[PDB]
Amino acid sequence: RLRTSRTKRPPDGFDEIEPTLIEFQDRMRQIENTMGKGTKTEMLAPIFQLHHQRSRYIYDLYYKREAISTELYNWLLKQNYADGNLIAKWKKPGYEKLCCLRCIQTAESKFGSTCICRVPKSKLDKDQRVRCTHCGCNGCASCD
Amino acid sequence: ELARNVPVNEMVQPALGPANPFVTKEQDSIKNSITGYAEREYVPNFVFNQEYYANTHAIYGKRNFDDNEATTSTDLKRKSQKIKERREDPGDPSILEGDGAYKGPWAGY
Amino acid sequence: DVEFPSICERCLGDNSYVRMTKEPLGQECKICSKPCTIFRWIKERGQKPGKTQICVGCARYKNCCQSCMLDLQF
Amino acid sequence: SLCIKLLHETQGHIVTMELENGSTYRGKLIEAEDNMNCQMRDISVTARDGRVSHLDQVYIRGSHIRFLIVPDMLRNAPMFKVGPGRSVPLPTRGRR
Amino acid sequence: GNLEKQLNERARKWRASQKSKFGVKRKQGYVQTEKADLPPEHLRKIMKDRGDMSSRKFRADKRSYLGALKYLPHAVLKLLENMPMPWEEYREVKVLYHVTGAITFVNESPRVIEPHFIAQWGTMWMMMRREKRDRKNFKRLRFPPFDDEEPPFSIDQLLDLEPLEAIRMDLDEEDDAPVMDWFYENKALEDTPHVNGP
Amino acid sequence: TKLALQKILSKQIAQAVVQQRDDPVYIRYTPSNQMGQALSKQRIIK
Amino acid sequence: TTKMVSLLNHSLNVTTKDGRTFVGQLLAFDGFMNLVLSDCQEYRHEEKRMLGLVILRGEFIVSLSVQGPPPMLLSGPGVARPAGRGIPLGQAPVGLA
Amino acid sequence: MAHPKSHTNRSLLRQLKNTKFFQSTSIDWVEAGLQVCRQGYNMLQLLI
Amino acid sequence: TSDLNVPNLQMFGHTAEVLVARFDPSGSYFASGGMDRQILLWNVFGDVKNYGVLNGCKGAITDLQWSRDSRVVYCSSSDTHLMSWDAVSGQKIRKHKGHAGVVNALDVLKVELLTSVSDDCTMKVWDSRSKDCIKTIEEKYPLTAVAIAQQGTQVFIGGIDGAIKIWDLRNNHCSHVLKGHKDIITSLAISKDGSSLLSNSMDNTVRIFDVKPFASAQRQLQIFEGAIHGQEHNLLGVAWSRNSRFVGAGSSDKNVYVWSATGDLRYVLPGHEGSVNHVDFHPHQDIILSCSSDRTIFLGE
RNA sequence: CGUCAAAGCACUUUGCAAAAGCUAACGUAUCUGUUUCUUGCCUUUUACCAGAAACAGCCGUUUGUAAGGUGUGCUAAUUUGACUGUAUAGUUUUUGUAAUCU
Ligand SMILES: [Mg+2]
Ligand SMILES: [Zn+2]
Ligand SMILES: [Zn+2]
Ligand SMILES: [Zn+2]
Ligand SMILES: [Zn+2]
Ligand SMILES: [Zn+2]
């Protein structure tokens with residue numbers, strides 16, 4: 001993950017996108033330091049937020065604007081700058097706007113069911129449109 | 001655990017008694033637990049889930065008195081259309097500090 | 001077969017269809033001081049989940065509800 | 001090939017063979033080749049008509065053979081799998 | 001209208017039932033998935049917020065936090081088993097942690113190629129002898145390295161520094177061509193046909 | 001006697017391995033006229 | 001020639017260029033279709049002769065046909081036990097309550 | 001030297017990973033060591 | 001009233017809902033299969049224990065059919081396949097492919113001919129060695145159950161439309177429909193002689209029809225109420241007795257139903273823990289087989 | 001390399017089961033504990049000393065099998081297995097010394 005001055009030089013298309021990744025890292029640090037205003041699980045929601053956003057940025061670089069070479073993209077996934085499993089989920093129908101990967105797997109729930117965010121809002125009542133407790137998600141379903 | 005297979009027409013099974021007046025409503029019902037009867041049943045997950053889903057939706061509709069919708073295939077998308085238009089747009093990643101900053105599934109209302 | 005705890009339908013929700021979990025030996029009976037299993041469910045969406053507080057031996061010797069302790073007859 | 005392998009197996013026994021003439025030969029087989037050229041000893045030739053003569057050493061050419069009556073106890077001779085390149089059916093231990 | 005729509009709805013419901021019963025990836029009506037990996041900042045934030053456990057905000061987790069004392073020596077073994085070797089500046093380890101932040105097992109085993117391992121350690125032997133001969137003043141590290149009552153080091157400022165340089169022989173450009181690009185890696189030939197896989 | 005002793009022995013021996021036995025059970029439940037009212041409809045539990 | 005392998009161990013009758021017929025069990029064939037017949041009988045016009053183990057040359061053979069077929073689960077977790085039927089007091093489908 | 005006895009494959013770490021109370025990630029070794037030291041110190045303090 | 005050691009025998013096994021369990025034509029053996037992707041073989045008389053398991057199927061056994069030889073078994077899988085299992089040795093004989101969905105039902109012929117339907121709205125007839133569908137019939141809505149006549153030219157296919165289709169394999173003329181049902185036909189079974197068809201449908205009525213080239217109009221013989229279907233849309237089976245005078249069925253209301261073929265209910269016996277998928281009668285004695293989605297199969301009289 | 005057959009394949013996660021039969025490294029590595037004996041130092045116990053026998057625990061390894069994950073495909077890719085696998089009209093078998101009558 002961490003790169004030294006004497007490490008192998010990343011592929012060519014890296015430097016122009018290096019600064020924004022640096023900004024992502026900076027704010028992740030700030031979120032780590034920032035404390036208060038939530039329950040034991042709510043304070044850990046913004047982490048997944050930024051993480052999904054960062055992975056989506058890389059996904060947008062490759063699959064929507066073809067701004068990065070395939071070599072650089074494999075390098076980025078190998079350096080954990082993006083979550084390979086989350087991107088794999090984004091590449092199949094029904095999970096285009098997946099929030100995180102803990103809201104899809106059923107072994108982490110009380111009754112073996114996915115999260116509320118995975119459910120389309122059309123069949124969900126108006127009153128029970130609440131923030132996810134896993135990551136604060138406000139609706140994953142591809143329809144919305 | 002009736003061990004003998006027996007035809008139908010002798011299944012009336014009458015109590016054959018004066019049917020005691022003295023029993024009250026709290027004794028009219030047979031039970032295992034103090035509150036009522038409970039016994040095993042092999043329901044597959046999906047059917048129990050979807051029917052419970054429908055009953056919960058019906059209860060919410062009865063409570064809020066707001067039941068003015070239909071159901072179809074294209075109707076699902078049509079219902080989703082207005083909830084989508086009420087929602088603010090999701091920003092574009094790499095726009096990151098205000099003025100169209102990216103917010104995806106976390107976008108509010 | 002350790003099947004059910006006795007709960008009245010006033011605090012079992014107005015839905016005829018609810019889901020609940022058990023955690024064996026999860027609490028000491030507040031009367032028996034005995035190891036007993038807990039049961040958690042949801043009365044209705046939007047309120048804090050309920051749970052049984054007394055063992056099966058009690059609420060039966062008292063003919064009472066394990067969660068609300070209102071007598072099951074009056 | 002398995003047939004010439006059995007013919008080679010026969011050498012040293014007494015084998016009866018008849019040629020394109022119709023004469024049958026009764027003697028001890030001493031040599032055999034892939035062409036089925038045969039060398040024989042103490043042959044008792046029975047002609048097509050029935051005349052019986054005797055021979056001592058012959059070298060019958062293979063191309064003039066109809067069939068042979070191999071001794072019976074060679075029925076249990078092993079028929080080995082033959083690979084592509086191998087020219088003699090032998091037990092194998094490599095790939096094939 | 002009528003027949004076509006009614007039959008369409010019936011086929012819809014029947015196909016939904018069939019998909020639930022015999023789905024492509026469904027076990028008991030639900031889709032199957034694998035337990036994934038959370039970002040390391042999750043664990044970092046957990047350990048930062050917990051601190052010394054001197055807050056009532058986490059007062060419900062203390063019993064579990066203390067019960068992991070039973071398995072702590074296992075964590076010690078897994079940590080010491082995967083200590084970085086002299087030739088690597090840093091080593092990234094797959095880890096498994098309690099959501100409480102109670103315990104943290106390094107979930108890996110240090111599997112190496114035996115000839116490669118012996119070659120690397122012989123190289124270390126050469127370089128260490130050379131440096132002990134050439135240093136002429138060797139200042140041994142003091143013990144204990146940190147002051148007794150010093151607070152434990154903050155991970156926030158340990159990730160900003162350049163990791164310095166390790167013990168690495170100057171492998172010849174031509175004589176040691178075969179092993180140049182992978183002699184000092186952690187998983188040496190992981191992505192090449194020389195090893196079966198990850 | 002063998003069955004009873006085996007059962008009691010397994011119960012006693014079972015008292016460090018992480019327990020992994022999770023599978024739903026469904027039960028058909030019938031309420032019964034607690035405080036008058038109008039009884040209640042049949043329920044089943046997950 | 002894969003079909004020819006299927007005739008191994010079958011009983012065969014072979015008509016020869018001479019006009020005779022050999023009947024017997026096939027042991028092994030050849031690329032030139034030299035045949036090895038075990039327990040062979042001779043059909044000389046019909047006269048019967050026991051021959052035994054016979055190797056026919058490829059040239060001698062004209063046609064061949066078969067006359068007879070060639071001479072010729074662990075456990076499970078299931079356990080049964082008697083039991084009776086327990087009548088329920090309800091009349092409703094499993095899903096509906 | 002004893003010939004190893006037959007036994008089914010079992011491992012504590014996999015059993016723990018199966019539960020919902022344990023997660024997984026990849027971190028620097030020194031960070032994991034600091035975490036283990038801090039956790040052990042906190043545990044020892046809580047029993048004292 | 002039979003040779004069974006016990007009047008009622010509970011069979012324990014399988015790891016999920018059992019979907020089918022069919023008697024050997026000889027009446028001496030039978031097999032069972034379900035959602036556990038496994039086939040269990042049993043012994044009708046004696047200790048009633050397993051003598052083999054048929055592993056290798058990569059899907060739930062939606063249906064299976066014994067062979068008249070009582071030596072090979074044909075299994076239909078939910079994974080769009082049709083395997084042929086050698087009962088006496090347990091090896092893969094052949095795997096017939098060609099469908100495009102879950103294969104719902106299977107039937108065998110008096111001649112080595114197999115038939116099947118699947119959710120791809122198709123019916124396929126298979127030779128036991130062709131490994132390919134020699135004939136294919138395309139419909140508009142998915143088909144649910146099949147019945148092949150032992151004579152070998154008419155096939156009855158029931159699907160979503162609620163009307164039984166009769167297909168002549170040689171004729172390919174289909175302008176003859178057994179109308180009368182109003183919902184999904186779960187199962188079909190032909191009488192032993194080949195004159196009467198037993199139909200069960202999700203419209204809650206178990207009906208009986210006649211299978212003859214000629215009719216006096218209203219081919220419907222009679223209907224039976226009571227057998228109700230739940231909301232899980234299961235495929236509930238029906239059976240023909242060895243004498244073809246008692247018709248049997250299973251219902252999702254935890255009831256096994258036997259009728260006298262004259263409209264008079266005969267058996268109402270409960271005893272199941274879940275929806276009862278399949279019911280069958282012994283071809284020699286008065287045994288009735290039950291198969292429910294609760295990992296258990298019941299013996300009978 | 002060729003033909004035939006069936007299996008999507010490569011990598012990977014988890015569960016279950018098994019691992020000497022013909023004297024031989026499941027692990028070319030290497031710890032701890034209990035019981036029963038014999039010792040060493042010993043004011044008594046734990047903690048110990050070092051040999052044996054009988055037992056267990058832990059760190060690991062291999063194989064079969066089942067259900068999944070990632071990446072590529074089914075408009076082909078790879079793997080596994082089996083194979084009595086090859087030319088050739090010019091003398092030793094397959095491009096006729098045959099017909100003719102007896
Ligand atoms: Mg004392
Ligand atoms: Zn979400
Ligand atoms: Zn989420
Ligand atoms: Zn969620
Ligand atoms: Zn109550
Ligand atoms: Zn109590």
# chains A, B, ... in the order shown; residues from 1 in each chain; ligands from 1
call {"tool": "interface_residues", "arguments": {"of": "chain G", "to": "chain F", "cutoff": "12 Å", "atoms": "only C-alpha atoms", "output": "count of residues only"}}
result
10
call {"tool": "residues_near_ligand", "arguments": {"ligand": "ligand 2", "cutoff": "6 Å", "atoms": "only C-alpha atoms (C1' of nucleotides) and all ligand atoms", "output": "number ranges by chain"}}
result
A: 98-99, 103, 117-118, 137, 139-140
call {"tool": "residues_near_ligand", "arguments": {"ligand": "ligand 1", "cutoff": "12 Å", "atoms": "only C-alpha atoms (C1' of nucleotides) and all ligand atoms", "output": "JSON, numbers by chain"}}
result
{"J": [43, 44, 45]}
call {"tool": "write_last_selection", "arguments": {"atoms": "N, CA and C atoms (P, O5', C5', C4', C3', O3' and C1' of nucleotides)", "output": "PDB file, in the first residue's frame"}}
result
ATOM      1  P     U J  43      17.219 -28.015  52.864  1.00  0.00           P
ATOM      2  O5'   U J  43      15.964 -28.130  53.833  1.00  0.00           O
ATOM      3  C5'   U J  43      15.466 -29.409  54.186  1.00  0.00           C
ATOM      4  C4'   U J  43      14.056 -29.351  54.714  1.00  0.00           C
ATOM      5  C3'   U J  43      12.988 -28.803  53.782  1.00  0.00           C
ATOM      6  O3'   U J  43      12.598 -29.670  52.715  1.00  0.00           O
ATOM      7  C1'   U J  43      12.771 -27.737  55.847  1.00  0.00           C
ATOM      8  P     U J  44      11.600 -30.915  52.913  1.00  0.00           P
ATOM      9  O5'   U J  44      10.142 -30.272  52.991  1.00  0.00           O
ATOM     10  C5'   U J  44       9.043 -31.043  53.454  1.00  0.00           C
ATOM     11  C4'   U J  44       7.726 -30.332  53.263  1.00  0.00           C
ATOM     12  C3'   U J  44       7.360 -29.977  51.835  1.00  0.00           C
ATOM     13  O3'   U J  44       6.836 -31.077  51.113  1.00  0.00           O
ATOM     14  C1'   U J  44       6.970 -28.115  53.234  1.00  0.00           C
ATOM     15  P     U J  45       6.931 -31.110  49.511  1.00  0.00           P
ATOM     16  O5'   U J  45       5.836 -30.070  49.011  1.00  0.00           O
ATOM     17  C5'   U J  45       4.452 -30.351  49.150  1.00  0.00           C
ATOM     18  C4'   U J  45       3.607 -29.201  48.668  1.00  0.00           C
ATOM     19  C3'   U J  45       3.871 -28.744  47.244  1.00  0.00           C
ATOM     20  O3'   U J  45       3.247 -29.565  46.273  1.00  0.00           O
ATOM     21  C1'   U J  45       3.776 -26.864  48.656  1.00  0.00           C
TER      22        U J  45
END
call {"tool": "closest_residue", "arguments": {"among": "B:49, B:93, B:34, B:71", "to": "ligand 5", "atoms": "only C-alpha atoms and all ligand atoms"}}
result
B:34
call {"tool": "closest_atom_pairs", "arguments": {"of": "chain C", "to": "chain A", "cutoff": "10 Å", "atoms": "only C-alpha atoms", "output": "JSON lines"}}
result
{"residue": "C:19", "atom": "CA", "partner": "A:111", "partner_atom": "CA", "distance": 8.3}
{"residue": "C:20", "atom": "CA", "partner": "A:111", "partner_atom": "CA", "distance": 8.8}
{"residue": "C:21", "atom": "CA", "partner": "A:110", "partner_atom": "CA", "distance": 8.1}
{"residue": "C:45", "atom": "CA", "partner": "A:128", "partner_atom": "CA", "distance": 8.1}
{"residue": "C:46", "atom": "CA", "partner": "A:128", "partner_atom": "CA", "distance": 8.1}
call {"tool": "select_by_dssp", "arguments": {"residues": "chain B", "states": "helix (DSSP H, G or I)", "output": "VMD selection string"}}
result
chain B and resid 25 to 27 45 to 64 74 to 86
call {"tool": "select_by_dssp", "arguments": {"residues": "chain H", "states": "strand (DSSP E or B)", "output": "ChimeraX atom specification"}}
result
/H:22-28
call {"tool": "residues_near_ligand", "arguments": {"ligand": "ligand 5", "cutoff": "10 Å", "atoms": "only C-alpha atoms (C1' of nucleotides) and all ligand atoms", "output": "PDB file with N, CA and C atoms, in the first residue's frame"}}
result
ATOM      1  N   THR B  35     -50.342 -19.051  27.283  1.00  0.00           N
ATOM      2  CA  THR B  35     -51.039 -18.073  26.462  1.00  0.00           C
ATOM      3  C   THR B  35     -51.857 -18.718  25.349  1.00  0.00           C
TER       4      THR B  35
ATOM      5  N   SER C   6     -44.436 -17.468  27.231  1.00  0.00           N
ATOM      6  CA  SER C   6     -45.836 -17.057  27.253  1.00  0.00           C
ATOM      7  C   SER C   6     -45.921 -15.533  27.238  1.00  0.00           C
ATOM      8  N   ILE C   7     -46.429 -14.963  26.143  1.00  0.00           N
ATOM      9  CA  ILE C   7     -46.595 -13.518  26.031  1.00  0.00           C
ATOM     10  C   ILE C   7     -47.999 -13.205  25.528  1.00  0.00           C
ATOM     11  N   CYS C   8     -48.639 -12.211  26.144  1.00  0.00           N
ATOM     12  CA  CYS C   8     -49.948 -11.776  25.682  1.00  0.00           C
ATOM     13  C   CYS C   8     -49.818 -10.994  24.379  1.00  0.00           C
ATOM     14  N   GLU C   9     -50.888 -11.019  23.591  1.00  0.00           N
ATOM     15  CA  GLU C   9     -50.921 -10.381  22.283  1.00  0.00           C
ATOM     16  C   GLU C   9     -51.084  -8.870  22.348  1.00  0.00           C
ATOM     17  N   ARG C  10     -51.294  -8.295  23.533  1.00  0.00           N
ATOM     18  CA  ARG C  10     -51.231  -6.842  23.635  1.00  0.00           C
ATOM     19  C   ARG C  10     -49.817  -6.337  23.378  1.00  0.00           C
ATOM     20  N   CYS C  11     -48.801  -7.056  23.864  1.00  0.00           N
ATOM     21  CA  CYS C  11     -47.409  -6.695  23.625  1.00  0.00           C
ATOM     22  C   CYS C  11     -46.734  -7.653  22.651  1.00  0.00           C
ATOM     23  N   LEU C  12     -47.520  -8.425  21.907  1.00  0.00           N
ATOM     24  CA  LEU C  12     -47.030  -9.246  20.811  1.00  0.00           C
ATOM     25  C   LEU C  12     -47.278  -8.586  19.464  1.00  0.00           C
ATOM     26  N   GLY C  13     -47.732  -7.337  19.466  1.00  0.00           N
ATOM     27  CA  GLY C  13     -47.960  -6.590  18.251  1.00  0.00           C
ATOM     28  C   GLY C  13     -49.339  -6.842  17.668  1.00  0.00           C
ATOM     29  N   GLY C  50     -38.911  -5.358  22.340  1.00  0.00           N
ATOM     30  CA  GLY C  50     -39.205  -5.910  23.642  1.00  0.00           C
ATOM     31  C   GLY C  50     -38.392  -7.157  23.910  1.00  0.00           C
ATOM     32  N   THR C  52     -38.380 -10.780  26.899  1.00  0.00           N
ATOM     33  CA  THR C  52     -38.882 -11.417  28.105  1.00  0.00           C
ATOM     34  C   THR C  52     -37.921 -11.202  29.265  1.00  0.00           C
ATOM     35  N   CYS C  64     -49.023 -14.819  34.350  1.00  0.00           N
ATOM     36  CA  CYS C  64     -48.680 -13.451  34.010  1.00  0.00           C
ATOM     37  C   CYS C  64     -47.943 -13.441  32.677  1.00  0.00           C
ATOM     38  N   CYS C  65     -47.700 -12.245  32.152  1.00  0.00           N
ATOM     39  CA  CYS C  65     -47.000 -12.089  30.883  1.00  0.00           C
ATOM     40  C   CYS C  65     -45.527 -11.820  31.153  1.00  0.00           C
ATOM     41  N   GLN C  66     -44.660 -12.586  30.489  1.00  0.00           N
ATOM     42  CA  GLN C  66     -43.233 -12.518  30.774  1.00  0.00           C
ATOM     43  C   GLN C  66     -42.625 -11.169  30.442  1.00  0.00           C
ATOM     44  N   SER C  67     -43.267 -10.373  29.589  1.00  0.00           N
ATOM     45  CA  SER C  67     -42.702  -9.091  29.193  1.00  0.00           C
ATOM     46  C   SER C  67     -43.379  -7.922  29.900  1.00  0.00           C
ATOM     47  N   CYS C  68     -44.698  -7.806  29.781  1.00  0.00           N
ATOM     48  CA  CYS C  68     -45.417  -6.685  30.370  1.00  0.00           C
ATOM     49  C   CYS C  68     -45.880  -6.931  31.801  1.00  0.00           C
ATOM     50  N   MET C  69     -45.775  -8.163  32.303  1.00  0.00           N
ATOM     51  CA  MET C  69     -46.411  -8.568  33.556  1.00  0.00           C
ATOM     52  C   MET C  69     -47.760  -7.928  33.852  1.00  0.00           C
ATOM     53  N   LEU C  70     -48.665  -7.995  32.886  1.00  0.00           N
ATOM     54  CA  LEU C  70     -50.082  -7.829  33.149  1.00  0.00           C
ATOM     55  C   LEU C  70     -50.671  -9.230  33.221  1.00  0.00           C
ATOM     56  N   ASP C  71     -51.543  -9.460  34.198  1.00  0.00           N
ATOM     57  CA  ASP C  71     -52.141 -10.779  34.350  1.00  0.00           C
ATOM     58  C   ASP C  71     -52.939 -11.168  33.106  1.00  0.00           C
ATOM     59  N   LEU C  72     -52.798 -12.430  32.693  1.00  0.00           N
ATOM     60  CA  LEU C  72     -53.346 -12.892  31.422  1.00  0.00           C
ATOM     61  C   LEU C  72     -54.860 -13.039  31.426  1.00  0.00           C
TER      62      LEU C  72
END
call {"tool": "residues_near_ligand", "arguments": {"ligand": "ligand 4", "cutoff": "12 Å", "atoms": "only C-alpha atoms (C1' of nucleotides) and all ligand atoms", "output": "ChimeraX atom specification"}}
result
/A:45,48-49,97-106,108-109,113-119,129-141 /B:105-106
call {"tool": "residues_near_ligand", "arguments": {"ligand": "ligand 6", "cutoff": "8 Å", "atoms": "only C-alpha atoms (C1' of nucleotides) and all ligand atoms", "output": "VMD selection string"}}
result
chain C and resid 29 to 34 54 to 59
call {"tool": "write_last_selection", "arguments": {"atoms": "N, CA and C atoms", "output": "CSV table (one decimal), in the first residue's frame"}}
result
chain,number,residue,atom,x,y,z
C,29,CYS,N,-33.3,-15.0,36.0
C,29,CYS,CA,-34.7,-14.7,36.3
C,29,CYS,C,-34.8,-13.6,37.4
C,30,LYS,N,-35.6,-12.6,37.1
C,30,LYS,CA,-35.7,-11.5,38.0
C,30,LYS,C,-36.5,-11.8,39.3
C,31,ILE,N,-37.0,-13.0,39.3
C,31,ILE,CA,-37.7,-13.6,40.5
C,31,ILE,C,-37.0,-14.9,40.9
C,32,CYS,N,-36.9,-15.9,40.0
C,32,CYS,CA,-36.2,-17.1,40.4
C,32,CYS,C,-34.7,-17.0,40.6
C,33,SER,N,-34.1,-15.9,40.1
C,33,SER,CA,-32.6,-15.8,40.1
C,33,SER,C,-32.0,-17.0,39.5
C,34,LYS,N,-32.6,-17.5,38.4
C,34,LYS,CA,-32.3,-18.7,37.7
C,34,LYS,C,-31.9,-18.5,36.3
C,54,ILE,N,-38.7,-12.6,32.7
C,54,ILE,CA,-38.9,-13.6,33.8
C,54,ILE,C,-38.9,-15.0,33.1
C,55,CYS,N,-38.5,-16.0,33.9
C,55,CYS,CA,-38.4,-17.4,33.4
C,55,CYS,C,-39.8,-17.9,33.1
C,56,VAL,N,-39.8,-19.2,32.6
C,56,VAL,CA,-41.0,-19.8,32.2
C,56,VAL,C,-41.7,-20.4,33.5
C,57,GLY,N,-41.0,-20.7,34.5
C,57,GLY,CA,-41.5,-21.1,35.7
C,57,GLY,C,-42.4,-20.0,36.3
C,58,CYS,N,-41.9,-18.8,36.4
C,58,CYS,CA,-42.7,-17.7,36.7
C,58,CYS,C,-43.5,-17.2,35.5
C,59,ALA,N,-44.4,-16.3,35.7
C,59,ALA,CA,-45.4,-15.8,34.7
C,59,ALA,C,-46.3,-17.0,34.4
call {"tool": "residues_around", "arguments": {"residues": "segment 7-10 of chain D", "least_positions_apart": "5", "cutoff": "8 Å", "atoms": "only C-alpha atoms (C1' of nucleotides)", "output": "MDAnalysis selection string"}}
result
chainID D and resid 15 29 31:33 36 70:71 74
call {"tool": "write_last_selection", "arguments": {"atoms": "N, CA and C atoms", "output": "CSV table (one decimal), in the first residue's frame"}}
result
chain,number,residue,atom,x,y,z
D,15,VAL,N,4.3,-77.0,-33.5
D,15,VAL,CA,3.2,-76.2,-34.1
D,15,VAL,C,2.9,-76.8,-35.5
D,29,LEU,N,8.9,-75.6,-33.9
D,29,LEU,CA,9.3,-74.3,-34.3
D,29,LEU,C,10.5,-73.8,-33.6
D,31,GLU,N,12.5,-70.7,-34.9
D,31,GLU,CA,12.7,-69.3,-35.2
D,31,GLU,C,11.4,-68.8,-35.8
D,32,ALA,N,11.2,-67.5,-35.6
D,32,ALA,CA,10.1,-66.8,-36.2
D,32,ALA,C,10.5,-65.3,-36.4
D,33,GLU,N,9.9,-64.6,-37.3
D,33,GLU,CA,10.1,-63.2,-37.6
D,33,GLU,C,8.8,-62.5,-37.7
D,36,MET,N,6.8,-63.6,-40.3
D,36,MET,CA,6.3,-64.9,-40.1
D,36,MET,C,7.1,-66.0,-40.9
D,70,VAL,N,-1.4,-73.3,-32.8
D,70,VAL,CA,-0.5,-73.1,-31.7
D,70,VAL,C,-0.9,-74.0,-30.5
D,71,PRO,N,0.1,-74.5,-29.7
D,71,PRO,CA,-0.3,-75.3,-28.6
D,71,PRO,C,-1.3,-74.6,-27.6
D,74,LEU,N,-0.9,-71.8,-24.5
D,74,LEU,CA,-0.6,-70.4,-24.8
D,74,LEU,C,-1.8,-69.5,-24.8
call {"tool": "residues_around", "arguments": {"residues": "segment 41-53 of chain E", "least_positions_apart": "3", "cutoff": "9 Å", "atoms": "only C-alpha atoms (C1' of nucleotides)", "output": "ChimeraX atom specification"}}
result
/A:28-29,31-33,35,44,47-48 /E:38,56-59,62,97,99-102,155 /H:25,35,38-39,41-42,45-46
call {"tool": "interface_residues", "arguments": {"of": "chain D", "to": "chain G", "cutoff": "8 Å", "atoms": "only C-alpha atoms", "output": "PyMOL selection string"}}
result
chain D and resi 1-3+65-72+74-75+79
call {"tool": "write_last_selection", "arguments": {"atoms": "N, CA and C atoms", "output": "mmCIF file, in the first residue's frame"}}
result
data_model
loop_
_atom_site.group_PDB
_atom_site.id
_atom_site.type_symbol
_atom_site.label_atom_id
_atom_site.label_comp_id
_atom_site.auth_asym_id
_atom_site.auth_seq_id
_atom_site.Cartn_x
_atom_site.Cartn_y
_atom_site.Cartn_z
ATOM 1 N N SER D 1 2.481 -55.873 -32.532
ATOM 2 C CA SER D 1 1.326 -56.689 -32.885
ATOM 3 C C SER D 1 1.256 -57.946 -32.033
ATOM 4 N N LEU D 2 0.038 -58.323 -31.651
ATOM 5 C CA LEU D 2 -0.149 -59.434 -30.726
ATOM 6 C C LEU D 2 -0.025 -60.793 -31.408
ATOM 7 N N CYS D 3 -0.411 -60.892 -32.678
ATOM 8 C CA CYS D 3 -0.410 -62.181 -33.360
ATOM 9 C C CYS D 3 1.007 -62.686 -33.592
ATOM 10 N N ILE D 65 1.620 -68.721 -45.870
ATOM 11 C CA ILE D 65 1.054 -69.317 -44.664
ATOM 12 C C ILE D 65 -0.445 -69.053 -44.660
ATOM 13 N N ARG D 66 -1.245 -70.080 -44.366
ATOM 14 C CA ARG D 66 -2.671 -69.833 -44.165
ATOM 15 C C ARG D 66 -2.956 -69.610 -42.686
ATOM 16 N N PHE D 67 -2.610 -70.578 -41.846
ATOM 17 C CA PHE D 67 -2.810 -70.436 -40.412
ATOM 18 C C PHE D 67 -1.925 -71.438 -39.694
ATOM 19 N N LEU D 68 -1.913 -71.337 -38.369
ATOM 20 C CA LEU D 68 -1.127 -72.232 -37.541
ATOM 21 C C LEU D 68 -1.979 -72.693 -36.372
ATOM 22 N N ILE D 69 -1.711 -73.905 -35.907
ATOM 23 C CA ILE D 69 -2.359 -74.451 -34.719
ATOM 24 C C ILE D 69 -1.340 -74.416 -33.583
ATOM 25 N N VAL D 70 -1.397 -73.344 -32.800
ATOM 26 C CA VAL D 70 -0.497 -73.081 -31.681
ATOM 27 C C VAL D 70 -0.888 -74.003 -30.532
ATOM 28 N N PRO D 71 0.056 -74.488 -29.720
ATOM 29 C CA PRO D 71 -0.329 -75.323 -28.578
ATOM 30 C C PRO D 71 -1.275 -74.584 -27.643
ATOM 31 N N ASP D 72 -2.180 -75.355 -27.037
ATOM 32 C CA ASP D 72 -3.321 -74.775 -26.335
ATOM 33 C C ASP D 72 -2.903 -73.959 -25.118
ATOM 34 N N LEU D 74 -0.901 -71.825 -24.542
ATOM 35 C CA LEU D 74 -0.574 -70.429 -24.796
ATOM 36 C C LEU D 74 -1.809 -69.541 -24.841
ATOM 37 N N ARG D 75 -2.965 -70.052 -24.412
ATOM 38 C CA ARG D 75 -4.169 -69.232 -24.382
ATOM 39 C C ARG D 75 -4.056 -68.110 -23.360
ATOM 40 N N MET D 79 -1.568 -60.191 -23.347
ATOM 41 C CA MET D 79 -1.723 -59.278 -24.476
ATOM 42 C C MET D 79 -1.473 -57.865 -23.961
#
call {"tool": "interface_residues", "arguments": {"of": "chain I", "to": "chain G", "cutoff": "9 Å", "atoms": "only C-alpha atoms", "output": "MDAnalysis selection string"}}
result
chainID I and resid 6:14 40:42 47:54 87:90 228:232 251:254 269:272 274:275
